[PDB]
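Structure 1 and structure 2 below are the same protein chain in two forms, each given by itself as structure tokens.
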Structure 1
């Protein structure tokens, strides 16, 4: 019924007209209060690669990412890349990846991810050295999907409580590309030089 769904899937960019759909689908995945401005920006601003997967013409999945230089990484994740990667080095952050529950396990998520990788290759060549993202600790399904796709769990991010707001805990997950890697400790060097 839905069994054949991948054969009826097309890829397109998000656009302003998609905002209400995007609110609905994102809200289903994640209980978080993004402002309208966030939705307008991700849907309409070319700084983002925002790609939808449609089934029978209706969005059933999306990936939203930003390719940016390493200085734009928030300090909590600054150490995803070693210091010997210069300030000009690029990374891609995945703001959102999701697929509608009924449509999961048909290969849509993988297709979206692959599409982003292709986009990175054409757009940034070998300059981009990591793709990174955040997952809630609770998301067993997502973690499995990413781990199976070579993403590594970089570190735990704790609950954050402040006047500015509250953040749930999470993990940063990173796929390294084009030779990227995290900072190396004394032992890491001892190993490479040693052996």
Structure 2
């Protein structure tokens, strides 16, 4: 391996947004990555609609991983996950949904998935720090590799969703995972919250509190 070969290697991996020309490649990869099936509309939307943050990692120009997400108003969360954020956050409050994350199997366990997730966080910080208060996604309950990846990155299991998915026509369970950011938190009734509060304030010395 020449020094010239070493220098070249440094520009080989890069990141870019998806485009419409990507659709056929993205379909092939997704067919490998996920045992579920996405409709044609999904591929067209993720590649072409600017509302999505669709980010590819490439090696020698070829896509080797992607993360696809949507930053959207809290009201757009689907009903099964409607309880992710407290409803007294501002009407302008947003969340980020991860539609998809995948890395070609050959390239796994080199940090690509991690960098894609980090890039989405960086994009949120750049674009929507004022309003985005959670990141959420779904996995198959059987997907230990994904579960571990998310749990080790501080996402927490939020809901159990029975028969959420179809693999070759056979229904399979899912989980919702959530990471709160920028002060996001789940809904509480006031009465429940005040009960919880006693544990939170316990650390305060009685002497420090006016009485």
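Residue numbers count along the first chain shown, from 1. Throughout, rigid core stands for the largest set of C-alpha atoms superposing within 1.5 Å between the two forms.
- Residue 15: CA moves less than 2 Å between the two structures after rigid-core fitting.
- Comparing the forms between the two structures on their rigid core, the Cα displacement of residue 168 reaches 2 Å or more.
- After superposition on the rigid core, displacement of the C-alpha of residue 32 between the two structures amounts to 2 Å or more.
- With the core fitted, the CA of residue 126 sits 3.2 Å away from its counterpart between the two structures.
- Once the two forms are overlaid on the core, residue 186 shows a Cα shift of 7.0 Å between the two structures.
- For residue 57, the Cα deviation between the two structures after core superposition amounts to 1.3 Å.
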